[PDB]
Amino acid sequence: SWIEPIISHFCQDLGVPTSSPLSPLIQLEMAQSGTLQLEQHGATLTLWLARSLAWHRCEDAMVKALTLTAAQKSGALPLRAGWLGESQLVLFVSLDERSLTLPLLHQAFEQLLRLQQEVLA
């Protein structure tokens, strides 16, 4: 993978060393925010950010996540929302490999966390 340097550098910017070569799927565990995966699939890099919610937090999160990802309410990136099983809110964004840059990857990550934060406020 030619995009390894960008992913490696991103991880190093978070203070996470990685050994080369990197897997096509990198998983970063965040103490509160959940599980971040950086997945290379086809000519795409998708960031998936999954977080398990307590039952009494799930309904409002679903509605807000759908509401706040509408194009009219969105920013520069195509952040999307989904769900896994009983209780995991999943927020995600796909990036075209051919125009990926480190600043783009950083803002994809930051804008996913920001969204999650507004969704759970």
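Numbering starts at 1 and follows the sequence shown.
Student: Taking the chain's C-alpha temperature factors as the reference, tell me which third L79 falls into: lowest, middle or highest.
Tutor: For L79, the deposited C-alpha B-factor lands in the lowest third.
Student: Check where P17 lands among this chain's C-alpha B-factors and tell me if it's the lowest, middle or highest third.
Tutor: Answer is middle: the recorded C-alpha B-factor places it there.
Student: Is the Cα B-factor recorded for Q40 in the lowest, middle or highest third of its chain?
Tutor: Ranked within chain, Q40 CA B lands in the highest tercile.
Student: By the recorded C-alpha temperature factor, relative to the other modelled residues in its chain, which third is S94 in?
Tutor: It falls in the bottom third of the chain.
Student: Taking the entry's C-alpha B-factors for this chain, is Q72 in the lowest, middle or highest third?
Tutor: Middle third, going by the recorded CA B-factors of the chain.
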